[PDB]
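Protein chains in written order, with the numbering used here: chain A, 21 to 543; chain B, 53 to 551; chain C, 3 to 495; chain D, 155 to 280.
From the three backbone atoms N, C-alpha and C, an ideal C-beta is built for every residue, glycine too.
Encoded as structure tokens, the structure appears first; notes follow it.
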Amino acid sequence: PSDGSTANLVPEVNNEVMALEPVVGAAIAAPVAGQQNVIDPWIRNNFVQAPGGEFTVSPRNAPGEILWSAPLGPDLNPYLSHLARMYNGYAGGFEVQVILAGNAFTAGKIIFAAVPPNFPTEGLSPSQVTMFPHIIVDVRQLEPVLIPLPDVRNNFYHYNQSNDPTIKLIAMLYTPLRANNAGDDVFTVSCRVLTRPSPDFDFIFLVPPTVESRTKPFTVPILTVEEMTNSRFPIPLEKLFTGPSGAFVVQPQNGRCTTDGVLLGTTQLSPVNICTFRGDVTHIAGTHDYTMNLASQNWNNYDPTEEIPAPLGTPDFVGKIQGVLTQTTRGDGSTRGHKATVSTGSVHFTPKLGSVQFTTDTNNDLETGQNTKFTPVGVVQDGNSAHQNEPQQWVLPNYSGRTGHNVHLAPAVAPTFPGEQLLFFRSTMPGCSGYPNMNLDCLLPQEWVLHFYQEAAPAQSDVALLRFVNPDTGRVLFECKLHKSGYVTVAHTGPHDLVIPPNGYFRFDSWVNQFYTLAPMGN
Amino acid sequence: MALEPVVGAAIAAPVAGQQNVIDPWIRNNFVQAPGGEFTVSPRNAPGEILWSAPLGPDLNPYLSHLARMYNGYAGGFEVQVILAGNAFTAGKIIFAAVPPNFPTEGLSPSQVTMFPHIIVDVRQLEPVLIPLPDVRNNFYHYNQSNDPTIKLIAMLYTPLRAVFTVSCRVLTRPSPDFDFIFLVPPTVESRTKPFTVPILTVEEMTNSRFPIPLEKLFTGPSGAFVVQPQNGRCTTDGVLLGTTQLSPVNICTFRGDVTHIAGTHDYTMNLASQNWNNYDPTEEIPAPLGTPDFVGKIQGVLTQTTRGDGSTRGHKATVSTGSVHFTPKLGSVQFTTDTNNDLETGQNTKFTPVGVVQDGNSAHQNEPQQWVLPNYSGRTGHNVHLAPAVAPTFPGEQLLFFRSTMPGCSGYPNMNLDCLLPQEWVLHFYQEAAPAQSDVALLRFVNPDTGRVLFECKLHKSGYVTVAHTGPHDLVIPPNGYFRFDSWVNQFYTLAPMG
Amino acid sequence: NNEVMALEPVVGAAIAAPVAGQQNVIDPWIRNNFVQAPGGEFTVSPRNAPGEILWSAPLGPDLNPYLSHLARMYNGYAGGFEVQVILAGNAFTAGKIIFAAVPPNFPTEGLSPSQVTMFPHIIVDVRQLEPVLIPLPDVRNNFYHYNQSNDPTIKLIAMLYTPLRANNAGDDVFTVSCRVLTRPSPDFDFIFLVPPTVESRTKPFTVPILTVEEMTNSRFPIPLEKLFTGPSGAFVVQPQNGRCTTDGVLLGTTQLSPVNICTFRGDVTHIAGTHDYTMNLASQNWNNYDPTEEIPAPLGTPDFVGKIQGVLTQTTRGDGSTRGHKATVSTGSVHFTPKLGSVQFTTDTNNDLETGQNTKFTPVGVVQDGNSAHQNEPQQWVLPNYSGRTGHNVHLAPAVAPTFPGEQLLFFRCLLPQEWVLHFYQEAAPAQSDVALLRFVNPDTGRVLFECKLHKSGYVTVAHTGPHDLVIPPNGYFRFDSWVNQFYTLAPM
Amino acid sequence: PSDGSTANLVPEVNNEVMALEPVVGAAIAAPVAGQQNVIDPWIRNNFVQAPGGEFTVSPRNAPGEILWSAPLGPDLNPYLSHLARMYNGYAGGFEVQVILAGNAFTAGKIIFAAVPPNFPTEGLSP
Ligand SMILES: [Cl-]
Ligand SMILES: [Cl-]
Ligand SMILES: [Cl-]
Ligand SMILES: [Cl-]
């Protein structure tokens, strides 16, 4: 029966069964629900992969790590997820199916456990997880694991828009993954979670779709690298780059945005205003330098009291940016435009306090009362020092100059998982004079910032798994982890410029956590 | 009474592949259609089809969202019509069900009575109920196909007697025999995403004709000019037009190799594509994408980098559009710079635009003519593959422009720049590619503090907006106001006057 | 996931009986024996990643060569198939494949693995020994299908769900080879008997058995030499001769005669005192030339820039005068305007061409100017301006470039032999996908040397990088193997 | 039963069967043959390796290659091959046994097929 296929090398099914009583679904809610609704019976009879339906057991994982977790709710099932945007509430349980059919040369155990509502999941130890209803499964198990997930609760049903907690299903590495295949230890166990609603699950109140915040689904734009723009300087993107970041500190303040659309640092939505300055200008006697008193991005007054490190779009590196100051007189429409340069490392670069200093090519021809705009163009380098040393993209300017220290900064960013490096969207700045370091890396393209901002999709976990696909060949080039904090990571060691098909796009495949093990990509 | 019952998806069971069920509550509530907004005004006459819709899931917003999950459907609707008349408003409207392959073009009001129909007086208070059965000659309909279905038609049956515009609404709900057929994943390639307009504010968006932020909305008469820009041209279903491309930074840039012209401070640039790829002049495009679409002199900076040592140079530079040496379709443009010796030929060079200039000795505010297209192939031929020109079509209506003010670098220039669509709207339509269910998408501008509707405008499928006003006007807008897509309408829709 | 596909039963031709003309029978042996689809091959390799569609096919007679041959004598069909898929693995492997049924008119392109799970589906372990049986029902919204209408059908899709994890053995990488077999379900049947091989959409596609030597170039009236592959980044490959689509639509300036490829016919006029002559052109059938016709130029206009020397010939009506003169045409001269009707020749006599008499230019060779750069005069990939500076070149055949990584164009040294153009033109077989797989066979030994992709458009591509003259046996021929979905990755040289 | 040997690591037997009808042998020929002859019954009850009875599946082989082929006749059996040098004709069929007991770490499939007389074998695709 199983000769030449599985060969009795592998557990067939699990004895163990979770110690949960049966729990009623939406039937109790009928006298107090507005309506009695119906789900397409095919959805109830057929397992489909959950939005967060991928996880991995690899040798990089350590015992105690939660490899997969989810609270009970419509987001456990992609059909129910779209249906949920059309309903106000729900009640009832799920049947979850887990596939763990690892190669016969591997070893290890996973614990699945149901933790009840309002118990904190955060510090849980393997010992502690054993005290909930639980199942211990071998990483080699052949037949899918079936876990019923009842809607334990103390009310008639749940509202989509509230924060009342539900049961959480937890999968934790109970034993480290080991293997004895005698080759190279590539035998990572790729796992899939599929679900379907129990018969007692049901939606409750029909409401206008797409308007309830907590049901908007997450997506990632189909745009290509060439079609997007750098989020730290008004320039197009050119290539994808990964490299080690142990030496320096990656803490940009432009192109910083969370997956659910919260802007951070000095980040704003306009791709053109990313290194612009607007305000009134003042001559410095005897020199070609001017002092600019800052206006807001929309020509209103700037308030330093805002919980921001600087005005939105303030440059986030130390260097000399060359551009053009332009000015217009309201009465006659006279216009003047002169080459100008701002050094963000100068002690007179204090944009948090309201003033920035330019060095121009005139000591006249700039009025004191007219509005003036600095349009950035490129970066320059002092030719007498070491080549490629002046524009230090990972050095933050002192936004308050000599006074005080930088405040309310967006956090720094580093890989957290063994074997992983940041993935940078790299643009090449124009040089205007000298031998400058023209490399510019941002964490998120500006169009991704726009997309996350408008569609405020609740993050289902801390990491969105993306795969980069060549639409010509249908092939995946690499996979990467987009963290909710707004940065991307890949599995690679060393610097590398990526070889990308011109048509390549990012595709969102699954919600995962920080312990997901990425396929080795480079070379 | 004039139509028999018509079976829905039940007949399809032996060939369907699956048996599905729709939430029965969806058929217990009349709800306004994604279209479902039309207007009767005294400008309208009998014979104009004032409103029409085909049977399908797009008749009902609940079914419309569901349809993203199904491959097909079958069955009928019950539709409810509501007319906001008053006792001084005389006239009759006919609604009629016209069967799938009957031509509607040319119908008289008399002829419309020969279909299943209802004749309702414009001053009626109570809603009228129309049955819409899914008459067909196949087992069911596919969502991805445009096989025809019964059409509901609304026209004026007798002339209207009344500036009084009658607001009308169409609501629907599925018949009990309606059902979807094959459960399928909601993918992006399905083209089942419904059409929307970004939540972004005018203030926070960007002009599609020059790399500047937007500033205000402007309406004006356009009889003097020919409105035919080639940037910021995109269809609501995401088809780019003219020289329009997606990157908001490349909207007036040039990249290529540079050559000195002896004895002057002028240089010739041999152009490459935006991707630093070889340039092909055989493409069906008026010019390379991002080429300026107005006649004027644009001041910026030429930038150059030497492969090997990292040498970088930057010099004030100026492009004169419409000059005889402006031939970007042929592959070359001419700059006037502030140097005659310091630009190497082998190296790649980029023009970063900043602003426009005007010769101060000529008439003030005359140099940048935004509504005059340059000659993309210079003297050696005429412009080709153009995006069509744009003009108001409905009496009393003018174009609505998204206005930003260009930086001036010298002189007394016309710093006014109007685009038909914000660049972010081009981006949004491109990615979403929502199929247009009619020729006009009605937009309303909303104050989010109160929810109040400030004005309505027509976003035409061709990718341009019109509004009801006469004379020039800068719009007085709350800084946080946003555009909202409200309904599909047709060319006969009468906009509420604004101002 | 119980190994059963979540599809309802779907009736075949039984529903059609009240509306079909007649009742027919299929030989029961065809019904009882699984047969491999021509494109029914795919491979699971460790490079494969989740989401990659390894194989796809639409329901139809083209899956089964018996039904395909039978269909050429019937008017329609209805009903489904039983599919048998065989997986070549062992107990030391891990990984999952999903097979999914996608309903008619739904796009297969861009699906994520999560989304594919949302169809009726089956998840099969790479260790499965017994063949997997998938029923492919004829989901449709009509009573039955007509052969000539090419209705859309269900598609079977095979996608990698879990990567293959297995040791290798030495430097040989372990792969799981898969085969797709089919046979008609009991409810499948053909419908109306009709004269065989008449209905166009049932003709099978073929490729001439001719050898490279035995064929002829399509861009100049000269034989072929060898098969050449090379990178094409430096230049634009956009010929206008030898451009013909697989189902027999001619493109650009391509015509059928293998000798009229670079010829001119018309009446000739002297330019006083010079060695120049002006020819007002006709057609190749000796009719007036119409500039309104949506063609680049008269058919057979050369598709490169150069100076071609040949011989003009003229015959005077009435006396039998016979004149033949060495002559030269420059397609790069400013007076080459064939779209408007004129070309200029440079001869070695200034008084030997009468007025009003028919004159024909015969092509023999091209010429090189020894004072300019060597190997510079015959520019193969540069088109002339047929309009000759008036307006612009219009209605050109599209340019041609490989789009799949690792592939370069395969040239006949032209994109298609002239005999291939003739074959496609006559036997106008519909293409079942965008790519026809061709195999190159040595008839003596019977073994296959390489395979190439013949695109629906008139061009061929091969798997190799860098320029190369091919290692061709003298009697080798191309043999058509199958239509393949555009993701098919071919083995290198 | 197989604990310690083969160990369910390998397929045991094929349930597939060739779709051929039964065919009479030399019995039909008795009224027109010269004689009714006899073969030593041991030859009929015991498998012996054919003259061409070795073939290999190796990684150097490519799919589509015919690894083994033979037409029906006395040459399929070494005893019958010696006996056939004494007789003028023959009629009837054979039972052939193929041994494929490959190592458990290998993979791949072979097709066995019966092609009828007067069909060309030379160009056959899988
Ligand atoms: Cl809605
Ligand atoms: Cl989805
Ligand atoms: Cl959406
Ligand atoms: Cl209109």
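The stretch 25-38 of chain A contacting the stretch 142-158 of chain A, beta-carbon criterion three pairs below 8 angstroms: Output reads yes: the stretch 142-158 of chain A touches the stretch 25-38 of chain A.
Own chain partners of A/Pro136 with C-beta closer than 7 angstroms, once the 5 adjacent residues on each side are dropped: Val172, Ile187
Contact set between C/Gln38 and chain D, taken where Cβ atoms lie within less than 8 angstroms: Within 8 angstroms Cβ-Cβ: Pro280.
heavy atom of ligand 2 below 7 angstroms from A/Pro98 C-beta: yes
CB contact check: C/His394 to chain B, cutoff 8 angstroms: With 8 angstroms as the cut-off, C/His394 counts as an interface residue toward chain B.
B/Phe535 - containing beta strand (DSSP E), residue span: 534-541
Expected contact under 8 angstroms - CB spacing of B/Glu476 and B/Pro250 to nearest Å: 6 angstroms
Limits of the beta strand (DSSP E) - the one that B/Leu298 falls within: Boundaries for B/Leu298: no beta strand (DSSP E) harbours it, and the DSSP string shows neither H nor E there.
Near ligand 5: C/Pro109 beta-carbon under 7 angstroms from a heavy atom: Only ligand 1, ligand 2, ligand 3 and ligand 4 can be found as ligands here, which leaves ligand 5 out of the picture.
Heavy atom of ligand 1 within 7 angstroms of B/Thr373 beta-carbon: Answer for B/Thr373: no, Cβ out of range of ligand 1.
DSSP three-state assignment for A/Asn404, whether helix, strand or coil: coil
beta-carbon B/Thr445 near ligand 4 non-hydrogen atom, thresh 7 angstroms: The closest heavy atom of ligand 4 lies less than 7 angstroms from the beta carbon of B/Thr445.
Spatial neighbours of B/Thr391 in its chain, beta-carbon cut-off 6 angstroms, leaving aside the 5 residues before and after: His367
For D/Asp194: DSSP bridge partner residues: Per DSSP, none; premise fails for D/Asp194.
Rounded straight-line distance, which links the Cα of B/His434 to that of C/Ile297: So the alpha carbons of these two residues sit roughly 21 angstroms apart.
D/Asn162 to A/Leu29 span [Cα, whole Å]: 9 angstroms
Residue environment, B/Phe140, which counts as buried when at least 16 other CB atoms sit within 10 Å: exposed
Residues of its chain near C/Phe237, where Cβ-Cβ distance is below 6 angstroms and the 5 sequence neighbours each way are ignored: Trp383
Minimum Cβ-Cβ distance from residue 557 of chain B to chain C less than 8 angstroms: The question about residue 557 of chain B has no answer here: the residues shown for chain B are numbered 53 through 551.
Proximity winner among B/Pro281, B/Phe306, B/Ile303, relative to B/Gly294 (alpha-carbon distances): B/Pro281
Chain B contact for C/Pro186 (CB, 8 angstroms cutoff): no
Under 7 angstroms (Cβ pairs) to chain A, residues found in the stretch 305-318 of chain B: none
CB contact flag (A/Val301, A/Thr361, <8 angstroms): no
Candidates A/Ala50, A/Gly343, A/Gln534, A/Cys452: closest to A/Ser481 by CA position: A/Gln534
Contact set for A/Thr195: own chain, Cβ-Cβ below 6 angstroms, skip 5 residues either direction: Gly128, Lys129
Interface residues of chain A facing C/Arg181 [CB-CB closer than 7 angstroms]: Neighbours of C/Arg181 on chain A: none; closest Cβ ~17 angstroms, over 7 angstroms.
For B/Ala339, the three-state DSSP class (helix, strand or coil): coil
Three-state secondary structure assigned by DSSP to A/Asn34: Three-state DSSP puts A/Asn34 in coil, outside helix and strand.
One or two residues paired with B/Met321 in a DSSP bridge: Partner(s): B/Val310, B/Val385.
Distance, D/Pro228 Cα to D/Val250 Cα: 13 angstroms
Segment contact, 8 angstroms Cβ cut-off, at least three pairs: the stretch 525-539 of chain A with the stretch 232-240 of chain A: Contact holds: three or more Cβ-Cβ distances are below 8 angstroms.
Cβ of C/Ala93 within 8 angstroms of any chain D Cβ: Chain D places a beta carbon closer than 8 angstroms to that of C/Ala93, counting this residue as a contact.
beta-carbon B/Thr248 near ligand 1 non-hydrogen atom, thresh 7 angstroms: No.
Below-8 angstroms beta-carbon distance, residue 115 of chain D vs any chain C residue: This structure leaves residue 115 of chain D out entirely; chain D is present only between 155 and 280.
DSSP state of C/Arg185 mapped onto helix, strand, coil: Per DSSP, reduced to three states, the secondary structure at C/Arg185 is strand.
Opening and closing residue of the beta strand (DSSP E) in which C/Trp57 lies: 55-60
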